[PDB]
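In what follows, a single structure is set out as structure tokens and then discussed.
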Amino acid sequence: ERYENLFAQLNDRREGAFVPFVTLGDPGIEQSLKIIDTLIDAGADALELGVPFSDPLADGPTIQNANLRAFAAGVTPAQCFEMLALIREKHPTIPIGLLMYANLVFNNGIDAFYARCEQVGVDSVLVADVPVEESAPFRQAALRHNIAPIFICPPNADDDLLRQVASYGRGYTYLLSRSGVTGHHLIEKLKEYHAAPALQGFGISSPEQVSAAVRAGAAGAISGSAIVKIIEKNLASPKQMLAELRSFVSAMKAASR
Amino acid sequence: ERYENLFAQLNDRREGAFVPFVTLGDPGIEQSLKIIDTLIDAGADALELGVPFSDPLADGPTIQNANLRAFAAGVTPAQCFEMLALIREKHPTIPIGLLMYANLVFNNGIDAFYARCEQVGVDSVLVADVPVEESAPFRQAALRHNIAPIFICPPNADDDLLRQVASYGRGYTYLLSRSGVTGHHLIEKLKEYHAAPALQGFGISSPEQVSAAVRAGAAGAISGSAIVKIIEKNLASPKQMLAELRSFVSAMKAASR
Amino acid sequence: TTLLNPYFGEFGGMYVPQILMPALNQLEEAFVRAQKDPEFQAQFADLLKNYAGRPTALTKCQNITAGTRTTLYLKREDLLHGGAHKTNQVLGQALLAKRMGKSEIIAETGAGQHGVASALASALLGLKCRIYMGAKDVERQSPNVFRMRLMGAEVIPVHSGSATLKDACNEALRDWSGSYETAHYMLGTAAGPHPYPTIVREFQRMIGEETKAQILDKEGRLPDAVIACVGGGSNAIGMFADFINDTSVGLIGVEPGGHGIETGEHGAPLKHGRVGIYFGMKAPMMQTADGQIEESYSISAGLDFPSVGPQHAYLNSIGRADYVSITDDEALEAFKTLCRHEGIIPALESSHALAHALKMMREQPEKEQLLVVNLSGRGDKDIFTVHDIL
Amino acid sequence: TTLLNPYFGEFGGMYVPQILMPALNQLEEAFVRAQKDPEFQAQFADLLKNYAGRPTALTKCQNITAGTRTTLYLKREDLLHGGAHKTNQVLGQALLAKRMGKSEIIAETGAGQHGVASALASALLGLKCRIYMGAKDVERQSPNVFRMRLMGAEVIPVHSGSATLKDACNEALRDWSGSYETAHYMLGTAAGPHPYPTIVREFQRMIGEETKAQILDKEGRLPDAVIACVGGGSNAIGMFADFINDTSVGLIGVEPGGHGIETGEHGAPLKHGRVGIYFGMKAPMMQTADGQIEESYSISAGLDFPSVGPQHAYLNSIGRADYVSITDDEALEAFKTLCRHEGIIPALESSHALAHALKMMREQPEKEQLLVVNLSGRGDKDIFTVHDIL
Ligand SMILES: Cc1ncc(COP(=O)(O)O)c(CN[C@@H](CO)C(=O)O)c1O
Ligand SMILES: Cc1ncc(COP(=O)(O)O)c(CN[C@@H](CO)C(=O)O)c1O
Ligand SMILES: O=P(O)(O)OCCNS(=O)(=O)c1ccc2ccccc2c1
Ligand SMILES: O=P(O)(O)OCCNS(=O)(=O)c1ccc2ccccc2c1
Ligand code: NA
Ligand code: NA
């Protein structure tokens, strides 16, 4: 719902979307809530929020430490959902996507997890370690609760995969910039198969990359490590952290217009 | 020669022989020469002198340490022969027997070793690790140089061995008191086979043992560890050492009369 | 779609990032083809026989069972080159890597035994080997770390997470997600995403196959039960496999009970954990009420995998195999007993299996039973640990 | 008189105190009878196969000889239970002790490998085992000392003399001289008084017998030369024995050269010592100009016997076998090379034999030659030593 409206609005302005990623609770619940508000006020079209997990086997050192810092603050999934409800109560239209690891979704029941997402106002869920091959129960539960299940389109994806990602995905299609962990042709075929708008992710850390993605045909770009890095080098300076995050996000978003 | 005369003399007095053992050079060349003179002046009928060897595998802790002390003084086989010449120059009739380990005899030639023994005045040689089975070259070289080759008669010796020991031995027959290392029927059979006079050794440390051996039919008794023990517990007291050795030897010899 | 079933009942699967699926598909296809290739089988057999030392003996204990009606045999994997069963399957996986045209090997290790096995196989077969190991484990396994480097392997400490096995497992998958084109991930146990639980079982199956032939030759019948410790499940499934269809043969897996199940300090997820999804598979695991992955505690470093192979969870579910636990103290007693009565020093991991056999014997001394314990490895490596404790 | 010849040419004999001759005669008779007893041979074979793990593999190096015309095989005694060839003959001697009705075992050890072998055999066969070890060696071999005690053996430090192997050898004979009635002296090498050089050879002969059968099966011909390190001479004579009558097969023994023959700090009495009489035999030894017995120096503790088996001195004298030396540095290089290119960690003792094979290959790379190196033991025990040096 919120994604469909956002992209419809952005399309009318001939601009791409800039979506930053952060770990909920990093470096703390209070500072994280302030970081998130700064991102939105700086120009973020949507958010990608990670729930701290013990074993983020799909993330590089930057996010690894983001998760570690959050755990140092005692951040738990229950507290993350409390944060999410608060964020939605403050910002009614911004699309909110969660970056999850399968066990946190499966833990108390898959259906129950997506039901909770729907009640706090979450818009999409990307389960990092669930490939299309194991996605059935997750995508089904997502749809039953009006949550967009995010699918990943790798750079070496074959036609078969493209069709599956286009048919099963919702909200937006995740376009991997490369293989590995966090730290043109596929775009056209996705549109041919009526796939959800594509958002390029992984390695996006500069304004020109945001402009390149949009010109390539993508609906926008996602940036994580670049954002988290600003947090990790300003821990002792809360204010400056927010100031630098704002300058960064404003620069990235400007590149999408 | 000297053994034959000693036993002939002792027999005429109806007394047994008391033969003490010491390691040449223990605790030093000078003190050893003084120890030896004290033993003789105390009543020793003969002497059993050991040449310090690195691996006395037939001796217990007492003699082991005697050898060690001698090595600490840098005592060598060459110096032992110098000591032996001096001892003989001072005491012309006392029988002198050496306690050797095979390698020291074999080292510079077996024949050469016995030749040296003859030139300094040694009377017998007992090679601790040479059984009758390997004795040929040693006994032959001994006889060629008028040295008595000492053979060992174990407590569990069979008739075959008794005959060999009686035929090959000279000077005196060594009668083992027990098995192991340093720390009646056989006697009679030895006499039946015209064996050299028997001297009991191993474990002899008291006057009554000397009297028991003589009454059993032996021509005398040998005592080592008991003698060496007096040395090892009076190192810091040279004089008292000689005094205690004298009292000990005089007591042992008295038991033989 | 896959060529083989990725699941054992509800357990298993391929829960890895989308980017890693091509690597799993390629590996499964290479495995299926290799299994039908007489040339591959011949090369594998030659290495097992002339390099590793197979077949390993099946030793009858003649002192430890005195006074009872138990007859105990020990499958001697402690005599295999390397000192543990790990060597069997690394040789197979190394050949697979070469079959796919891979020149690099990625491996994870906790106790370091699999690390050493991976390094020796890579040295022999000319593969560039890099090993990930939790920083905490590297500190506690200096000997094994040096052996890996001596054999040309690159050891990489992992400081993330709890700095242990699970963290090394994550790093391995992170590395592979961006290097699978030229590197093969040599997983060390019968767990992880399909096809690994299947591949590791088939490459360890000779343990059970030999045991069956040997016990039939020596006793003229199958054992009443085969017993094996369960860390990740490789030595146990290797012993169990050929006996699964022999319904009369009991299959007993022994998880580490640590300081006692009730203390919470153990490594028995199959019977005392909760099903979850991690390390590419759906299986029972050590995890918090929230769903965070925890570590497995045991006196033995080798029984540290915080989850368990999916086939074991399946065999347990249908009642074909039974799983139990043995505490640190019970394993220590079994270790000392084998040393003194049979002159064999067992790995502390293997001592858990032996400890359960001893219990079966001691609890019912007049029960006639023929048992085989898989002695997964030798315990020279545990001498210091046993010494300090004692 | 004896049943068998106590001499190999001028070397050998029974140079022990008269009191010990009955024990040697009894042992020789028990040995001769056992060698003609099918039941004894069957028991020995059963232990070797089902307990120790025989036959051991014959491994073809596929990397270390690349670029040369040398084909190298390694007889894998490192895979035998215990980790060294020592296990073979202790099992045989333990059976002999029981045949004579003995209940106690006396053993000497330097590196501790034979000590461990003696302890494991005694634990298995129910014999009371006491082991003499020089105090200096006990300090440098804490691991092995603990393994011996774990297996029920009594370890006794010897502080006399230089506090090393030769001193332990003396203590063993001192003990036996007064306990031979109920205790058997399990000598650890092919040296000492007759019948030991003969008994140890016959109880290690399977090394060569297997090698011959294996090389004929694999290459269809006998090797050009078999190479083995020589401490006391047991692993070497075990490998040489079955090939002595095969005149075309070279027999090469490798003594430790230590820091270099010219430095005087070595352990090569056969080629650089002088014949003497000690430890019950006439053989070449490390001794001073005066005739005092000295110690053998080598980076490897196992090549510490200060003399050498009489049969080796004899084989050298008649030109049937050739003896050479290898320095600490040459052995270290061979150790590192095998680890990195074949994935096998060799004992530092065995590394001396490998080092000479490598020299034969490297000095004449285009010379076609088929060589077999006896890998007497594994080198996990030498990891720390190699580590500190490097
Ligand atoms: C002798 C022995 N027996 C049992 C096990 C447990 O694993 P398994 O259950 O896969 O057989 C191990 C594992 N060792 C793993 C985990 O520490 C390693 O990385 O070396 C072992 O080394
Ligand atoms: C692996 C290996 N290879 C070679 C040798 C040398 O002896 P050998 O010459 O008798 O074969 C040893 C001996 N070790 C002796 C002396 O230290 C011991 O008491 O354990 C060994 O342990
Ligand atoms: O700038 P970065 O850090 O390189 O990449 C941004 C990642 N954040 S994310 O979008 O929340 C994200 C995280 C991990 C994933 C695993 C595999 C499929 C896609 C993923 C998406
Ligand atoms: O009192 P002790 O020390 O027990 O015994 C005295 C030994 N001295 S000795 O006579 O020189 C002597 C020493 C060692 C021997 C080895 C075996 C044959 C006989 C021997 C004689
Ligand atoms: Na486990
Ligand atoms: Na030697």
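Residue numbering restarts at 1 in every chain; chains get A, B, ... in the order shown in the structure tokens, and ligands count up from 1 in that same order.
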Within 7 Å of ligand 5, which residues show up when you count only C-alpha atoms and all ligand atoms? List them as a list in words, please. residues 230, 231, 232, 255, 267, 268, 269, 296, 303, 304, 305, 306, 307 and 308 of chain C
Can you tell me which residues come within 9 Å of ligand 3 when counting only C-alpha atoms and all ligand atoms, ideally as a PyMOL selection string?
(chain A and resi 19-23+47-50+56-60+62-63+97-101+126-131+150-154+174-177+180-183+200-205+222-228) or (chain C and resi 16-19)
Can I get the selected residues back with C-alpha atoms, as a PDB file, in the first residue's frame?
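Writing done, so here's out_0.pdb:
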```pdb
ATOM      1  CA  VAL A  19      16.047   4.309   1.125  1.00  0.00           C
ATOM      2  CA  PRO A  20      18.555   4.192   4.000  1.00  0.00           C
ATOM      3  CA  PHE A  21      19.120   1.207   6.270  1.00  0.00           C
ATOM      4  CA  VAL A  22      19.914   1.154   9.973  1.00  0.00           C
ATOM      5  CA  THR A  23      19.833  -1.413  12.773  1.00  0.00           C
ATOM      6  CA  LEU A  47      13.226   2.924   5.622  1.00  0.00           C
ATOM      7  CA  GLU A  48      14.920  -0.463   5.923  1.00  0.00           C
ATOM      8  CA  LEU A  49      15.194  -1.411   9.592  1.00  0.00           C
ATOM      9  CA  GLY A  50      17.071  -4.396  10.922  1.00  0.00           C
ATOM     10  CA  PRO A  56      23.834 -11.942  10.524  1.00  0.00           C
ATOM     11  CA  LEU A  57      25.573 -14.249   8.030  1.00  0.00           C
ATOM     12  CA  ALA A  58      24.572 -12.003   5.115  1.00  0.00           C
ATOM     13  CA  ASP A  59      26.124  -8.807   6.461  1.00  0.00           C
ATOM     14  CA  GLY A  60      29.638  -7.415   6.295  1.00  0.00           C
ATOM     15  CA  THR A  62      29.821  -2.655   9.250  1.00  0.00           C
ATOM     16  CA  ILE A  63      26.371  -4.152   9.920  1.00  0.00           C
ATOM     17  CA  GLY A  97      10.609  -2.431   5.684  1.00  0.00           C
ATOM     18  CA  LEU A  98      12.241  -4.876   8.070  1.00  0.00           C
ATOM     19  CA  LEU A  99      15.445  -6.800   7.419  1.00  0.00           C
ATOM     20  CA  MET A 100      15.061 -10.106   9.226  1.00  0.00           C
ATOM     21  CA  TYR A 101      16.863 -13.405   9.601  1.00  0.00           C
ATOM     22  CA  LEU A 126      12.950  -9.156   3.704  1.00  0.00           C
ATOM     23  CA  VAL A 127      14.206 -12.424   5.198  1.00  0.00           C
ATOM     24  CA  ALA A 128      17.920 -12.448   4.365  1.00  0.00           C
ATOM     25  CA  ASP A 129      18.399 -16.209   4.546  1.00  0.00           C
ATOM     26  CA  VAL A 130      15.221 -17.374   2.830  1.00  0.00           C
ATOM     27  CA  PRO A 131      15.677 -17.928  -0.943  1.00  0.00           C
ATOM     28  CA  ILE A 150      10.707  -8.767  -0.501  1.00  0.00           C
ATOM     29  CA  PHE A 151      12.497 -10.992  -3.012  1.00  0.00           C
ATOM     30  CA  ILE A 152      16.102 -10.788  -4.145  1.00  0.00           C
ATOM     31  CA  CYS A 153      17.134 -10.564  -7.792  1.00  0.00           C
ATOM     32  CA  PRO A 154      20.849 -11.463  -8.038  1.00  0.00           C
ATOM     33  CA  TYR A 174      15.472  -6.011  -4.404  1.00  0.00           C
ATOM     34  CA  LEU A 175      18.148  -5.662  -7.072  1.00  0.00           C
ATOM     35  CA  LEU A 176      21.522  -6.946  -5.829  1.00  0.00           C
ATOM     36  CA  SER A 177      24.391  -4.812  -7.137  1.00  0.00           C
ATOM     37  CA  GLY A 180      28.890 -11.214  -1.463  1.00  0.00           C
ATOM     38  CA  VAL A 181      27.693  -9.527   1.722  1.00  0.00           C
ATOM     39  CA  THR A 182      26.729  -5.965   2.688  1.00  0.00           C
ATOM     40  CA  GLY A 183      29.588  -3.472   2.711  1.00  0.00           C
ATOM     41  CA  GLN A 200      19.260  -1.386  -6.059  1.00  0.00           C
ATOM     42  CA  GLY A 201      21.165  -2.349  -2.923  1.00  0.00           C
ATOM     43  CA  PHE A 202      24.676  -3.347  -1.740  1.00  0.00           C
ATOM     44  CA  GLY A 203      27.657  -1.069  -2.187  1.00  0.00           C
ATOM     45  CA  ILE A 204      25.613   2.113  -2.735  1.00  0.00           C
ATOM     46  CA  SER A 205      27.494   4.831  -0.822  1.00  0.00           C
ATOM     47  CA  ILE A 222      19.165   1.563  -0.834  1.00  0.00           C
ATOM     48  CA  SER A 223      22.199   2.446   1.301  1.00  0.00           C
ATOM     49  CA  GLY A 224      23.165   0.798   4.578  1.00  0.00           C
ATOM     50  CA  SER A 225      26.826   0.483   5.541  1.00  0.00           C
ATOM     51  CA  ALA A 226      27.451   4.037   4.328  1.00  0.00           C
ATOM     52  CA  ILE A 227      24.771   5.167   6.791  1.00  0.00           C
ATOM     53  CA  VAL A 228      25.889   2.907   9.652  1.00  0.00           C
TER      54      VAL A 228
ATOM     55  CA  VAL C  16      20.760 -19.415   2.535  1.00  0.00           C
ATOM     56  CA  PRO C  17      20.723 -16.017   0.818  1.00  0.00           C
ATOM     57  CA  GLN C  18      19.442 -16.104  -2.770  1.00  0.00           C
ATOM     58  CA  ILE C  19      22.971 -15.372  -4.007  1.00  0.00           C
TER      59      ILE C  19
END
```
_Using only C-alpha atoms and a cut-off of 9 Å, which residues of chain D sit close to chain C? Please list them as a PyMOL selection string._
chain D and resi 49-63+76+78-83+117+119-126+143+146-147+149-153+336-345+380+383-384+387
Dump of C-alpha atoms for the selected residues, as a PDB file, in the first residue's frame:
```pdb
ATOM      1  CA  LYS D  49      45.503 -56.740  13.080  1.00  0.00           C
ATOM      2  CA  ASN D  50      42.502 -56.032  15.291  1.00  0.00           C
ATOM      3  CA  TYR D  51      44.146 -53.954  18.024  1.00  0.00           C
ATOM      4  CA  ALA D  52      47.163 -52.200  16.477  1.00  0.00           C
ATOM      5  CA  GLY D  53      45.748 -51.751  12.983  1.00  0.00           C
ATOM      6  CA  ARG D  54      48.045 -53.795  10.758  1.00  0.00           C
ATOM      7  CA  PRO D  55      48.650 -53.845   7.887  1.00  0.00           C
ATOM      8  CA  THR D  56      49.717 -50.227   7.617  1.00  0.00           C
ATOM      9  CA  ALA D  57      49.465 -48.432   4.293  1.00  0.00           C
ATOM     10  CA  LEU D  58      52.279 -47.932   1.790  1.00  0.00           C
ATOM     11  CA  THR D  59      51.735 -44.362   0.558  1.00  0.00           C
ATOM     12  CA  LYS D  60      53.008 -43.063  -2.760  1.00  0.00           C
ATOM     13  CA  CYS D  61      54.155 -39.446  -2.606  1.00  0.00           C
ATOM     14  CA  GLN D  62      52.562 -37.607  -5.552  1.00  0.00           C
ATOM     15  CA  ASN D  63      53.974 -34.106  -4.913  1.00  0.00           C
ATOM     16  CA  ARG D  76      52.998 -45.801   7.290  1.00  0.00           C
ATOM     17  CA  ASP D  78      52.755 -43.485  11.856  1.00  0.00           C
ATOM     18  CA  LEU D  79      49.250 -44.948  11.490  1.00  0.00           C
ATOM     19  CA  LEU D  80      49.882 -47.854  13.870  1.00  0.00           C
ATOM     20  CA  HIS D  81      48.114 -47.655  17.246  1.00  0.00           C
ATOM     21  CA  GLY D  82      50.365 -45.575  19.512  1.00  0.00           C
ATOM     22  CA  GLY D  83      51.722 -43.545  16.619  1.00  0.00           C
ATOM     23  CA  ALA D 117      53.813 -48.629  23.832  1.00  0.00           C
ATOM     24  CA  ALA D 119      52.129 -49.195  28.962  1.00  0.00           C
ATOM     25  CA  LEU D 120      49.331 -49.681  26.446  1.00  0.00           C
ATOM     26  CA  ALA D 121      50.297 -53.314  25.845  1.00  0.00           C
ATOM     27  CA  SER D 122      50.517 -53.976  29.571  1.00  0.00           C
ATOM     28  CA  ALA D 123      47.112 -52.385  30.168  1.00  0.00           C
ATOM     29  CA  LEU D 124      45.555 -54.546  27.450  1.00  0.00           C
ATOM     30  CA  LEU D 125      47.199 -57.787  28.532  1.00  0.00           C
ATOM     31  CA  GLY D 126      46.947 -57.341  32.299  1.00  0.00           C
ATOM     32  CA  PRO D 143      52.925 -35.604  27.938  1.00  0.00           C
ATOM     33  CA  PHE D 146      51.112 -38.697  31.790  1.00  0.00           C
ATOM     34  CA  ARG D 147      49.945 -41.100  29.066  1.00  0.00           C
ATOM     35  CA  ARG D 149      50.314 -43.234  34.076  1.00  0.00           C
ATOM     36  CA  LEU D 150      46.846 -42.871  32.537  1.00  0.00           C
ATOM     37  CA  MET D 151      47.306 -46.380  31.172  1.00  0.00           C
ATOM     38  CA  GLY D 152      48.254 -47.726  34.598  1.00  0.00           C
ATOM     39  CA  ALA D 153      52.032 -47.777  34.192  1.00  0.00           C
ATOM     40  CA  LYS D 336      58.319 -29.175   6.942  1.00  0.00           C
ATOM     41  CA  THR D 337      58.327 -30.452   3.370  1.00  0.00           C
ATOM     42  CA  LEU D 338      56.247 -33.538   4.089  1.00  0.00           C
ATOM     43  CA  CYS D 339      53.733 -31.494   6.073  1.00  0.00           C
ATOM     44  CA  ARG D 340      53.228 -28.980   3.267  1.00  0.00           C
ATOM     45  CA  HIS D 341      53.360 -31.271   0.222  1.00  0.00           C
ATOM     46  CA  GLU D 342      51.809 -34.531   1.414  1.00  0.00           C
ATOM     47  CA  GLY D 343      49.752 -33.505   4.446  1.00  0.00           C
ATOM     48  CA  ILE D 344      51.537 -35.982   6.698  1.00  0.00           C
ATOM     49  CA  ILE D 345      53.285 -34.838   9.887  1.00  0.00           C
ATOM     50  CA  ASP D 380      52.269 -34.544  16.417  1.00  0.00           C
ATOM     51  CA  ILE D 383      54.911 -29.877  16.919  1.00  0.00           C
ATOM     52  CA  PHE D 384      56.092 -27.724  19.830  1.00  0.00           C
ATOM     53  CA  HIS D 387      57.388 -24.466  16.513  1.00  0.00           C
TER      54      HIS D 387
END
```
Enumerate as a PyMOL selection string the residues within 7 Å of ligand 1, counting only C-alpha atoms and all ligand atoms.
chain C and resi 84-86+108-115+188-190+229-236+301-305+347+349-350+376-378
Expected file contents, prior selection, N, CA, C and O atoms, as a compact mmCIF listing (two decimals), in the first residue's frame:
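Writing done, so here's again22.txt:
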```
# COMPACT_ATOMS: atom_id res chain seq x y z
N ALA C 84 41.05 -38.83 13.44
CA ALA C 84 39.60 -38.76 13.59
C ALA C 84 38.88 -39.07 12.28
O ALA C 84 39.48 -39.03 11.21
N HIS C 85 37.59 -39.37 12.38
CA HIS C 85 36.78 -39.70 11.21
C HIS C 85 36.68 -38.56 10.19
O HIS C 85 36.36 -38.80 9.03
N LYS C 86 36.95 -37.33 10.63
CA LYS C 86 36.86 -36.17 9.75
C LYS C 86 37.58 -36.35 8.42
O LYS C 86 37.13 -35.85 7.39
N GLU C 108 35.47 -24.32 8.03
CA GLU C 108 35.22 -23.79 9.35
C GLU C 108 35.62 -24.87 10.34
O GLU C 108 35.59 -26.05 10.01
N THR C 109 36.03 -24.48 11.53
CA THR C 109 36.40 -25.48 12.52
C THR C 109 36.28 -24.89 13.92
O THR C 109 36.42 -23.68 14.11
N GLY C 110 35.99 -25.75 14.88
CA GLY C 110 35.86 -25.32 16.26
C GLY C 110 37.01 -25.89 17.06
O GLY C 110 37.87 -25.15 17.54
N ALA C 111 37.03 -27.21 17.20
CA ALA C 111 38.09 -27.90 17.92
C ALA C 111 39.36 -27.89 17.08
O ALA C 111 40.47 -28.01 17.61
N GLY C 112 39.20 -27.73 15.77
CA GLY C 112 40.34 -27.70 14.88
C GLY C 112 40.63 -29.01 14.17
O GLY C 112 41.46 -29.05 13.26
N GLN C 113 39.95 -30.08 14.57
CA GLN C 113 40.15 -31.39 13.96
C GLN C 113 39.74 -31.39 12.49
O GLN C 113 40.47 -31.91 11.64
N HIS C 114 38.59 -30.82 12.19
CA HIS C 114 38.15 -30.74 10.80
C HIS C 114 39.09 -29.79 10.05
O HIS C 114 39.37 -29.98 8.87
N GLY C 115 39.56 -28.77 10.76
CA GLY C 115 40.47 -27.81 10.15
C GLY C 115 41.74 -28.52 9.70
O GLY C 115 42.23 -28.31 8.60
N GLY C 188 32.22 -29.05 7.66
CA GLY C 188 32.72 -30.15 8.47
C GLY C 188 31.82 -31.15 9.16
O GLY C 188 32.31 -32.03 9.86
N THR C 189 30.51 -31.04 8.99
CA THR C 189 29.62 -31.99 9.65
C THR C 189 28.37 -32.24 8.80
O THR C 189 28.19 -31.60 7.76
N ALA C 190 27.52 -33.16 9.23
CA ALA C 190 26.31 -33.50 8.48
C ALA C 190 25.17 -32.53 8.79
O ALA C 190 24.08 -32.93 9.19
N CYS C 229 28.74 -40.49 19.37
CA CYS C 229 28.52 -39.15 19.90
C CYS C 229 27.98 -38.28 18.77
O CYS C 229 28.19 -38.56 17.59
N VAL C 230 27.26 -37.22 19.15
CA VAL C 230 26.65 -36.34 18.18
C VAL C 230 26.93 -34.86 18.47
O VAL C 230 26.39 -34.29 19.43
N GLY C 231 27.80 -34.29 17.64
CA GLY C 231 28.14 -32.89 17.73
C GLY C 231 27.31 -32.26 16.63
O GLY C 231 26.31 -31.60 16.89
N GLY C 232 27.72 -32.50 15.38
CA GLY C 232 26.98 -32.00 14.24
C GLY C 232 26.24 -33.19 13.64
O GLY C 232 25.20 -33.04 13.00
N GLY C 233 26.78 -34.38 13.87
CA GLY C 233 26.15 -35.60 13.39
C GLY C 233 26.88 -36.40 12.32
O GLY C 233 26.35 -37.42 11.87
N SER C 234 28.09 -36.00 11.93
CA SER C 234 28.78 -36.74 10.88
C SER C 234 29.30 -38.13 11.24
O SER C 234 29.06 -39.08 10.49
N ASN C 235 30.00 -38.29 12.36
CA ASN C 235 30.49 -39.63 12.66
C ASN C 235 29.34 -40.56 12.97
O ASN C 235 29.37 -41.73 12.60
N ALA C 236 28.29 -40.04 13.62
CA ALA C 236 27.14 -40.86 13.95
C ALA C 236 26.37 -41.30 12.71
O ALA C 236 26.00 -42.46 12.58
N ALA C 301 35.61 -29.92 23.14
CA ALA C 301 35.48 -28.85 22.16
C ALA C 301 34.80 -29.31 20.88
O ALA C 301 34.14 -28.52 20.20
N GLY C 302 34.95 -30.59 20.55
CA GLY C 302 34.37 -31.12 19.33
C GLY C 302 32.86 -31.26 19.29
O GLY C 302 32.29 -31.37 18.21
N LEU C 303 32.20 -31.26 20.44
CA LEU C 303 30.76 -31.38 20.45
C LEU C 303 30.13 -30.00 20.64
O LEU C 303 29.09 -29.86 21.29
N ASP C 304 30.77 -29.00 20.03
CA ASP C 304 30.36 -27.59 20.12
C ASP C 304 29.38 -27.03 19.08
O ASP C 304 28.94 -25.89 19.21
N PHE C 305 29.02 -27.80 18.05
CA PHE C 305 28.07 -27.30 17.05
C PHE C 305 26.76 -27.04 17.80
O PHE C 305 26.20 -27.94 18.38
N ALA C 347 39.18 -39.84 22.18
CA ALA C 347 38.92 -38.41 22.13
C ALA C 347 37.83 -38.19 23.17
O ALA C 347 37.04 -39.09 23.44
N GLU C 349 35.32 -36.47 22.77
CA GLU C 349 34.05 -36.49 22.06
C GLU C 349 33.56 -37.93 22.09
O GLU C 349 32.47 -38.23 22.57
N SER C 350 34.40 -38.82 21.58
CA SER C 350 34.11 -40.24 21.50
C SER C 350 33.82 -40.84 22.87
O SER C 350 33.06 -41.80 22.99
N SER C 376 35.27 -42.23 17.33
CA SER C 376 35.50 -41.20 16.32
C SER C 376 36.90 -40.61 16.23
O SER C 376 37.31 -40.18 15.15
N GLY C 377 37.64 -40.60 17.33
CA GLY C 377 38.98 -40.06 17.28
C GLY C 377 39.84 -40.41 18.47
O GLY C 377 39.32 -40.94 19.46
N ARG C 378 41.14 -40.17 18.36
CA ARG C 378 42.05 -40.43 19.47
C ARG C 378 42.08 -39.20 20.38
O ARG C 378 41.76 -38.09 19.96
```
Enter the distance from CA of residue 140 (chain B) to atom 9 (S, counted along the ligand's line) of ligand 4, in Å, rounded to one decimal.
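We find that CA of residue 140 (chain B) and atom 9 (S, counted along the ligand's line) of ligand 4 lie 21.5 Å from each other.
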Just need the residues of chain D within 10 Å of chain B, counting only C-alpha atoms, so spit them out as JSON, numbers by chain.
{"D": [1, 2, 13, 14, 15, 16, 17, 18, 19, 20, 21, 22, 160, 161, 162, 166, 167, 168, 169, 170, 171, 172, 173, 174, 175, 176, 177, 178, 179, 180, 274, 275, 276, 277, 278, 279, 280, 281, 282, 287, 288, 289, 290, 291, 292, 293, 294]}
| said: From the options D:214, D:88, D:327, D:316, which residue's atoms come nearest to ligand 2, counting only C-alpha atoms and all ligand atoms? | reply: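 Using only C-alpha atoms and all ligand atoms, ligand 2 sits closest to D:88.
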Within 7 Å of residue 121 (chain B), counting only C-alpha atoms, which residues show up once you throw out same-chain ones fewer than 3 positions away? Write them as a short mmCIF file (atom, residue, chain, number, x, y, z; two decimals) with C-alpha atoms, in the first residue's frame, please.
```cif
data_model
loop_
_atom_site.label_atom_id
_atom_site.label_comp_id
_atom_site.auth_asym_id
_atom_site.auth_seq_id
_atom_site.Cartn_x
_atom_site.Cartn_y
_atom_site.Cartn_z
CA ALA B 85 101.40 -48.45 41.59
CA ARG B 88 101.72 -51.52 45.84
CA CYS B 117 97.62 -54.61 35.82
CA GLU B 118 100.64 -56.87 36.06
#
```
- Please identify which residues in region 42-226 of chain A DSSP calls strand (DSSP E) from the backbone, and express them as a PyMOL selection string. chain A and resi 47-50+96-100+124-127+148-149+152-153+173-176+198-201+220-223
Nearest to ligand 4, chosen from B:34, B:96, B:214, B:79, with only C-alpha atoms and all ligand atoms counted in the distances =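 Checking each of B:34, B:96, B:214, B:79 against ligand 4, counting only C-alpha atoms and all ligand atoms, the winner is B:96.
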